[PDB]
Amino acid sequence: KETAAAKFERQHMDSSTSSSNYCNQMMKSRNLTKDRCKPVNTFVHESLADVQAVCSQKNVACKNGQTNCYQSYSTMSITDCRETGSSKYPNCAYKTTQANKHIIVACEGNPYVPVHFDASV
């Protein structure tokens with residue numbers, strides 16, 4: 001069983017890799033369309049070190065009300081994936097959207113690392 005930190009990396013980190021086919025390929029290769037087409041997801045194109053560093057940056061309230069969320073001081077290169085209308089499982093179709101925004105992640109554990117991607121502002 002992968003750790004919460006490992007799950008975050010799998011679901012949201014892509015420091016290496018875009019095209020309009022990006023989300024269609026990534027959502028599948030990262031196993032986010034295994035038992036269901038995940039409605040939306042975001043990939044971060046920054047180093048693991050830079051994203052992990054966000055846990056010591058701006059503390060803000062999480063969407064669920066918890067207080068362990070942090071916003072990045074600098075904007076980050078990200079890719080937003082949003083499922084289309086004519087998607088329909090098992091052929092999950094996604095709309096790929098690149099953007100540069102600040103990210104908000106929830107952190108926990110020892111070491112204190114990102115475990116949930118809360119939002120992009």
Side-chain angles (χ1 to χ4, degrees):
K1 170 54 62 185
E2 66 177 342
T3 59
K7 186 178 180 184
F8 173 90
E9 291 193 28
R10 174 176 62 89
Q11 297 189 331
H12 310 288
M13 293 297 303
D14 190 8
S15 313
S16 51
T17 305
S18 292
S19 71
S20 52
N21 223 276
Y22 179 89
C23 290
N24 285 333
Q25 300 169 337
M26 288 295 120
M27 292 299 284
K28 188 172 180 180
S29 53
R30 295 302 183 80
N31 287 301
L32 303 180
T33 58
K34 181 188 175 182
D35 301 312
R36 167 205 183 208
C37 298
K38 187 178 180 187
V40 296
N41 189 64
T42 303
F43 289 103
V44 183
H45 314 288
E46 297 296 336
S47 64
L48 180 63
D50 283 359
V51 178
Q52 289 179 146
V54 180
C55 294
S56 71
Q57 292 173 24
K58 188 187 184 178
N59 185 211
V60 299
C62 296
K63 282 177 174 177
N64 64 15
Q66 291 181 263
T67 61
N68 60 315
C69 280
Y70 305 79
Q71 184 175 295
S72 66
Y73 288 130
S74 300
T75 58
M76 291 188 173
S77 176
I78 59 156
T79 290
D80 173 46
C81 299
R82 180 157 297 104
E83 184 185 33
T84 67
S86 62
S87 181
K88 300 183 177 182
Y89 183 86
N91 290 108
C92 311
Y94 294 91
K95 179 186 66 168
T96 304
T97 305
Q98 173 65 42
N100 290 263
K101 303 177 184 292
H102 297 263
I103 66 163
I104 299 178
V105 301
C107 306
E108 67 185 18
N110 179 25
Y112 205 54
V113 293
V115 293
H116 165 70
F117 187 88
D118 214 45
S120 66
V121 299

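The figures here come from the full heavy-atom set of this structure, side chains too, leaving out hydrogens, waters and symmetry mates. Residues take their numbers from the sequence shown, with the count starting at 1.
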- prompt: If you take all heavy atoms of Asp118 and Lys63, which pair is closest and at what distance?
  reply: OD2-N, 2.8 Å
- line: On a heavy-atom basis, the closest approach of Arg10 and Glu2 is NH2-OE2, 2.8 Å
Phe43 to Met27 - nearest heavy-atom pair and separation: CE1-SD, 4.0 Å
- prompt: Measuring from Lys95:NZ to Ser20:OG, what's the distance to the nearest 0.5 Å?
  reply: 13.0 Å
Side-chain (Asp14) to main-chain (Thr17) donor-acceptor, under 3.5 angstrom: yes
- line: Heavy atoms of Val54 and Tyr70 approach each other most closely as O-CB, 3.1 Å
- request: Report yes or no: does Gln71 contribute a side-chain atom to a donor-acceptor pair with the main-chain N or O of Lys58 at less than 3.5 Å?
  value: no
field: Minimum heavy-atom distance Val113-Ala5, with the two atoms named
entry: CG2-CB, 3.7 Å
- line: Output for pair (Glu108 CD, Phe8 CZ), nearest 0.5 Å, gives 12.0 Å
task: Evaluate the side-chain proximity of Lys101 to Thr75: yes if any heavy-atom separation is below 4.5 Å, no if none is.
output: no
field: Under 2.5 Å between SG of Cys23 and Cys81
entry: yes
- prompt: For the atom pair CD (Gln25) and OG (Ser18), what is the distance rounded to the nearest 0.5 Å?
  reply: 9.0 Å
Exceeds 12 heavy-atom contacts within 6.0 angstrom, atom NZ of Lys28: no
query: Should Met76 and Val121 be counted in the same cluster of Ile, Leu, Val, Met, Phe, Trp and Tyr side chains packed under 4.5 Å apart?
result: no
message: So if I apply the side-chain contact (heavy atoms from CB on, under 4.5 Å) rule between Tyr94 and each of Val40, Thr84, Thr33, which one comes out positive?
response: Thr33
message: Grouping I, L, V, M, F, W and Y whenever their side-chain heavy atoms are under 4.5 Å apart, do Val51 and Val115 come out in a common cluster?
response: no
- request: Would you check if the side chain of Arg30 reaches a backbone N or O of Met13 as a donor-acceptor pair within less than 3.5 Å?
  value: yes
task: Please assess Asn41 against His12 for the test side-chain contact (heavy atoms from CB on, under 4.5 Å), listing each intermediate value before the final yes or no.
output: CA-CA 8 Å; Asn41 189 64; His12 310 288; 3.0 Å; yes
message: Which heavy atom of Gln57 sits nearest to which heavy atom of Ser72, and what is that distance?
response: OE1-CA, 3.3 Å
- prompt: Counting distance only, does the side-chain N/O of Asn59 pair as donor-acceptor with the main-chain N or O of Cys69 below 3.5 Å?
  reply: yes
query: Looking at CZ of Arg82 and OG1 of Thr96, how far apart are the two atoms once the value is rounded to the nearest 0.5 Å?
result: 11.0 Å
- prompt: Cluster question for you: counting only ILVMFWY and a side-chain heavy-atom cut-off of under 4.5 Å, with indirect links fine, are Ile78 and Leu48 together?
  reply: yes
message: Can you tell me how far apart CD (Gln98) and CG (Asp80) are? Round to the nearest 0.5 Å.
response: 10.0 Å
field: Spacing of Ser74 atom OG and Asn100 atom CG [to the nearest 0.5 Å]
entry: 11.5 Å
message: Can a donor-acceptor pair be found, under 3.5 Å and without considering hydrogens, that links the side chain of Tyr22 to the backbone of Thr97?
response: no
field: N/O donor-acceptor pair under 3.5 Å between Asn68 side chain and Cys107 backbone
entry: yes
